[PDB]
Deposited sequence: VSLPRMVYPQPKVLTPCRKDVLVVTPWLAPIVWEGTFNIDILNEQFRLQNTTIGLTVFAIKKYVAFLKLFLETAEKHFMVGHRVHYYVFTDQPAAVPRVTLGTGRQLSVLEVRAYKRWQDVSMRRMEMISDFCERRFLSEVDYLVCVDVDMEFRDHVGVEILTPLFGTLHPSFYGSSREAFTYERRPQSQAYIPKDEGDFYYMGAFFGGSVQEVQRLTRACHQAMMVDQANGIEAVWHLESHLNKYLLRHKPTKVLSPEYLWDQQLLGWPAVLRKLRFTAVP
C-alpha cells in the first residue's frame, strides 16, 4: 500500500547528520545509528505490512532471575505499536515471572549448549516460527532495554557490532584463528566483530543461519575442537560469508559499567545488567 501524506524535515543531501561514523557497509547495508532514521516513516512501512516480531531468549538455571526486568523493559521499549511474540525457552516454566503485556503482544513458554539452542530454532520450532512471526530476534536474557529498539532493525539478516571491538582493527578481533575449526577466519579477513548476544532477520534467514551454524558446530565436535567464543565465533564466520542486510551499532548492545557512555553513542538502547 501507499504511505499516507507525512510532514517531516527534508533530508539534506549535502548536510548529513552523522559524519562521525560509518552509516553504510561496503555491501550497501545500513549501519543503524541514532540520526540515520526517521522512525515515523519506518513505523508506517512496517505497520502497513502488519509485521509480527518474535523475540527469542533462553533462560536456564539461574538465568530465569533476569526474565522479569528483561520482559518489563521490552514492554517499554521493544517494537511498541507492533505485534510481538516472546518465546522464552527455559528448564523452569514455573519460574517465568508473570509480566503484564501491552495489547497485541504475547508470550509463550517453551520447556527444554549453544548447539542445543540452534536445534530449537532450525529443527524443533521451525514450522511454528514460520507460521507465527515475520522476523526473529535472538538476544540474551541477562540484559535490559533502556531506550527504543524498533523496526529500524528489521531486515532479512542482521548482526550487531560488539561493543568492545567497533573501533578495533580486524587483527584484534577475537575470531577463531585455528584452521582446524569451521569458524576459522584468517588475519587478513573480516568486516566487523559481531556480538553473539543480538542477531536476527526474517524467519527464513535466521533458520538458514542456525542450520548452518549447527552443522559447523557438529563438524567441529566430530573433529575435537570447540570454537574460542562458541556460537559467537560461528556467527562471525557466517556473517563474513553471508553479508548482513543491516548492521546494528553498539547502541544496541552496550555495557555502561564496562565501557561508559562515549560521545559516539547518542542512545544506550539495550544493555548488560549492573
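Only residue range 113-120 of the deposited sequence, counted from 1, carries no C-alpha coordinates in the model.
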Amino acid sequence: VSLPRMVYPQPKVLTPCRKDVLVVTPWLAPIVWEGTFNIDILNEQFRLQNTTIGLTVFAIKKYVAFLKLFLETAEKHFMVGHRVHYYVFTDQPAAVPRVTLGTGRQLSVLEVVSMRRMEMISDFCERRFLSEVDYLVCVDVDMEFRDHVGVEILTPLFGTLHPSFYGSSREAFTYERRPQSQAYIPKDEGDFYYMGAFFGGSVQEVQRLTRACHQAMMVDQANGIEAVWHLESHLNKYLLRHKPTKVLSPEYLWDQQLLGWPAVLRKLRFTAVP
From here on, numbers count along this sequence of modelled residues.
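For the pair 147-155 and 84-92, the mean Cα B-factor is higher in 84-92. Between the stretches 114-122 and 176-184, it is 114-122 that shows the larger average CA temperature factor. Comparing the listed residues 225, 39, 32, 53, the entry records the largest Cα B-factor for 225. Considering 236, 221, 249, 245 together, the PDB entry gives 221 the largest C-alpha B factor. When the CA B factors of the chain's modelled residues are split into thirds, the value for residue 201 lands in the lowest one. The entry lists a Cα temperature factor for residue 128 that places it in the highest third of the chain's modelled residues. Per the PDB record, residue ranking by Cα B-factor puts residue 217 in the highest third of the chain.
Residue 142: CA B factor lies in the middle third for its chain, per the PDB record. Among all modelled residues in its chain, residue 160 ranks in the lowest third by Cα B-factor.
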